[PDB]
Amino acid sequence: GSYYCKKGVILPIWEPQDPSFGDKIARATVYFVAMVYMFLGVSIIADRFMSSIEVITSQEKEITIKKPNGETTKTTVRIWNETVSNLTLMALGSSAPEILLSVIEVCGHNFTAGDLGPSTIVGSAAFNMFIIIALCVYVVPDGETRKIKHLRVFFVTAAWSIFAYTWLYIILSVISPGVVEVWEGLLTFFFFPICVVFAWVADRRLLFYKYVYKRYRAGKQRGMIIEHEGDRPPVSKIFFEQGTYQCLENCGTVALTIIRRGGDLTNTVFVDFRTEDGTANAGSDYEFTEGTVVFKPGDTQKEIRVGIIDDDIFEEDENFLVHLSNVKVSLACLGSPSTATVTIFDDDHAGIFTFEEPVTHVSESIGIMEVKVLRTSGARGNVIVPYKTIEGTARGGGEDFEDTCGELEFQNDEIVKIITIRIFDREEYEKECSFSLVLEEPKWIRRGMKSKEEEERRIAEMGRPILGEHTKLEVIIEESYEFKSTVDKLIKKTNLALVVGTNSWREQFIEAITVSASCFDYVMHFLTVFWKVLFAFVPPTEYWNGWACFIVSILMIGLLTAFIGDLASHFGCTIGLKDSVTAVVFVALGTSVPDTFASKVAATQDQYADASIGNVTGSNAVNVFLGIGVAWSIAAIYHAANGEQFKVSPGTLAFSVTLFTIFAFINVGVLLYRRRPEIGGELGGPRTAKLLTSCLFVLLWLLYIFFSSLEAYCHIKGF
């Protein structure tokens, strides 16, 4: 015999209270078994609580599907919007126990500091932050990562979560060392509105900044669909070899080849060559050229060059003739076709302007659709092309798609330009629609200024921006792909033959026979038979559109956590174990089982890993802030109404807080893997990381509980 007892909230003190060790243990192990059994109860209840705080804070869209048989199906289906708020309204629900327990203790035990609220708060904080993270690391698929994306806000969230626990040390040890004074404790609650407004503004901030791709997945509820962030998915005749030459104006200089064939090649030949205007004009289009071409002993051909003048005047097709004469053998002669009609192509304009196609099919998922134009027959000169959006099958005006029009200038020598437009994510299953993107006449710009020589100049000027064929784009609005696939999967699986005559209060009861009418499941649920049956009676499903379970399951959590508080109070200090220890060791691992499942499924199911850690951070923040706020606010106010100090214990907690903060800094540190870019993403992919970081975190949690227990044993620690 080492410890006496304290009267509970519901349960009374065990009658003899001090038998031999033959009974100082049996009642203790009975207590422990009843406690783990109530922990299973609380697990199932908080499961239902989360699954009914998710029906509220969610939108339902109506979907109709035309069956090929000749009829259709019209049914509304919820789509849980996964904002940042919808993770701080389920990091809270999932942490409903560790708050209410704290509320009961101080009320139950005569408005005095019952040291099983802070101990369980810190114990569950360390347990989650060191073990749920290990699971989020080593429960992902065999090899793959879901590395965090919004690392920009994790710093703030984690620095808040760790400012929370080192604030307990602040309230009761540094401003007043042993008192939760009246003014403090009030802000411990008011700091929760800080978090809620932070969520309620930093969701909108990152909502419109991101039209990012919203992947869809199947919630484990009846018909919930969860949206989240993802990525997007024998005479030597001499003559021209060719009597006609083709070349472009931009070349300037062009080459002509003149071949001697047959006869005696050893004779040096001198042949006069000279150019003459055909349709060409010297000094404006090309330069007149003349001279002598010399063939060495043994040559077969020679090359000459003539200059061609290029300008910004888009002239018509044009040519001029080069002629040869005066063949001298110093057997050989001037070959036939000794004149080359060099013909030229002018390209000094822009010309044809046409769209890609007149019709395209684009899903609403893109949101910002980016389609191009195309130029043909040159690009010189500047243009100003109007682009108009005209409504179609659906009604535009920035309702189904952002309908705006206007004008875009195409700079000189720019072949390709791409115009954008914005598109709504109406967030609904539909079919195709249509809209139009007609083009009209651009405005031409040449040189900034805007007898036959001038008339031919205008005959050249005719080259201007003329529209091509494709001048109006009727885009087709399509259906989001993943959304279609997910709703198809769900309809093929569930949500069939539904009407509210009797949905659950008659059918939440069938689980007994529905599950026990292979051999593993038997013993897997002969401990939950009672719990499930007792949990189908009182929290009936969402008849009140979400609030038909959240107004009851909270009361049942109150009942079960009253049982937990009383039994943990009467088990600790019965075997002799200090009351605080069994929080950090025993109660914490059972009050926070829902969190583990929530984070685990979030990690293994989505594509990122910020919700799975957002859960941990939100739970750690709300536990401490809300729990101590309400419990110690009411305690301090009660002692204020008649003038007392509320002398909470400074010690027995400070060491745990400081140790947790040190270990939490180590956590946040090693979270960013050493050499991370080739030690994989956040969760998985590297065998060594995935398989040893988890063991490190488990060792850290083990050291935490071990040293909390040691400090409670001997207390000789430096604090």
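The first residue of the sequence shown is number 1, and the count goes up from there.
Trainee: Tell whether, across the other compared PDB entries, at least a third have no coordinates for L496.
Mentor: Yes, a third or more of the compared structures omit it.
Trainee: In at least a third of the other compared PDB entries, does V515 have no coordinates?
Mentor: Yes.
Trainee: Check the entry and tell me how many residues of the deposited sequence have no coordinates between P233 and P234: none, 1 to 3, 4 to 9, or 10 or more.
Mentor: Count of unmodelled residues in between: 10 or more.
Trainee: With respect to the deposited sequence, is there a break between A497 and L498 in this entry, and if so is it 1 to 3, 4 to 9, or 10 or more residues, or none at all?
Mentor: Missing in between: none.
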